[PDB]
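Next up, structure tokens for two forms of one chain, structure 1 and then structure 2.
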Structure 1
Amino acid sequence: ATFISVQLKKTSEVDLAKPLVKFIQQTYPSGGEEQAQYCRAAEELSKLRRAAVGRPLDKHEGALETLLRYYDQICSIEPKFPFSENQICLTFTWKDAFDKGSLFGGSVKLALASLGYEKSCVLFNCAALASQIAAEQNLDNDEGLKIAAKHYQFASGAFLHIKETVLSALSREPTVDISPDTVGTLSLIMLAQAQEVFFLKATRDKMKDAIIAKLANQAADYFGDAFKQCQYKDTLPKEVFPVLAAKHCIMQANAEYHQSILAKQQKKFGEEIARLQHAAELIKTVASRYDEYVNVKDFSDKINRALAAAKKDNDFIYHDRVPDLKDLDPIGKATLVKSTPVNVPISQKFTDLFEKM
């Protein structure tokens, strides 16, 4: 399985409790039970940070909901202790998800006394965990399919939220990993993989080849635009560009292949041959260029078996003219996929620890 997922951002442990504890007892004089119970809920919050961003990595829904709860909580804490004018000192330290950093001294780290920056990197990890769970699904299983489609759309929409938001939410120029350009490209990639899940669902359910071709054609568009975003950049890991380039051509070929079954059904045998020749050319390009990244052997065979039978019978029986590609109609496009908006709360059965305030 050749799906792209994103590694989690690392962060050093922080004592969330103390800098809040003291900032509570300033505007809460009664140091006996009621108003100093926010100081115990602030203890649960520090515990939540360590649970969300501290634990050994769990590629499971349990870890994701923790991460999402913590995002939700941070959004609820921003008005309580007005963070626009700085009066609290709390410094979060996050390492860049992709930048190795020169081994000639230090990785790429950014420390910022900012709720804006923390919730950005948190949301990044929600997106990146969602992407990893999506990619580990069993796509030869209908619930596996449903999980992937759901997690890719979540993540896509979460990267997009950061894109729109990072600059405003931070004081400094962000790290590259969360900059709008990197995170806009990740968004598109997750959206591409979500579309491809719909094509795999449609294929599995043996739906109408016309529909299946339209969903593959739209996947090809999303994969095309993503690689063209990586073409002059070296931010993402080195497998990403060639996997996207190949999926672009793998998807155009699936589009042509399913369109050619529609054509055969309609007895347009010349057009079948023309579409199948297109698909074989595309797939031969991926086999020769992207052999390290994708295994395209059985599709090549399916296509070749079909092209050979098609030519034989056209030559012997039908004698249709094989059209030029530029004379064929365009395959349509069907998108079944969107970037899930981030509207807190995004966690299940969310309770604001500081809802009294």
Structure 2
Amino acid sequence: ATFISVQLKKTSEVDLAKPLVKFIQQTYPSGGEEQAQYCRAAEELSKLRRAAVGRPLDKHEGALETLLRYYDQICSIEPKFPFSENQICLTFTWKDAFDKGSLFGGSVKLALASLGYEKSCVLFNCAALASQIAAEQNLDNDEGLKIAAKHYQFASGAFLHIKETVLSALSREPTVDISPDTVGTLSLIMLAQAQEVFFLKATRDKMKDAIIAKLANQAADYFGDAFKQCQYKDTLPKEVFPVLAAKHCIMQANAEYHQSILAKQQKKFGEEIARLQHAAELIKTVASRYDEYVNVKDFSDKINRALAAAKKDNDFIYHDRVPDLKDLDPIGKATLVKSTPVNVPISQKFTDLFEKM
């Protein structure tokens, strides 16, 4: 199993308190003892930023809920200080998730006095960490599967929320990592892996071959489209394009392999052989082109075992004509997977720290 996940964006420590302590008294007069409610609490928010975006990470629900909490919070803090005319002074500096920068002095950074920019990069890290948690799941068990599928669909919907949002939300030209192109592609990647997780669930549950083939066929589409978005781009890490190329073929081969079990079941022995020849050809291409990225050995053997048996008996007994691929019916497509919309609150049991403001 070879799953793609995204590295978290770096940020630098900022004193979120100082710049907000000030902009709290206006025609809210209480300069006596009342304002200090919106202050011990407006730096529970500051230590929350440091917890959310501050340490090297736990890849568990612990660290993820903190990031989600922090995202919920900034979204709620937005209109309090009417930020259509921004006059709170705060500058958030984030490093590009992907761009190295030349070792001709330093990385690729962007500093912006914006809540827009902040909530964007935070949601990036929520999506990215969720992708990391998904990829670490043990897929040999049902709850491993359930958690990977849940988080891949979350990360897909969250990268996609950034796509439709970064440009309006920000003033400047985004870094390439959060720009709509990169993030539309990450979103598709996550959605493809979520679909793969469903195929892997049908496979564990030894569900019907017709079903597994339609799940596999839809995954091949998602992976196909994602690699096409990366063909002419070198934004994402180098392993990404070859992994997506290989899984587009592996998923096509799974579709053909399972649809071939259905053929055999229905005594269409020539169609069985034709589908299995396709599957072996796909897997042979992956084995020779992408082998430093995937191990396709057991599957290749399994196909080659079914093909050999099918051919012996067709040549000896049935003498069905092996049809041409273009004369076979298309395998269907079954999608079981959506980009999860971002609707604050996204964190579990959220309470707004500034709810009475």
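Each form is matched to the other, and the largest set of C-alpha atoms that superpose within 1.5 Å is called the rigid core. When a residue number appears, read it as a position in the sequence of structure 1, where counting begins at 1.
- The rigid-core alignment places the CA of residue 33 2 Å or more apart between the two structures.
- Core-based alignment between the two structures gives a C-alpha movement of 1.9 Å at residue 56.
- Once the core of the two forms is superposed, the Cα of residue 230 has moved 0.2 Å between the two structures.
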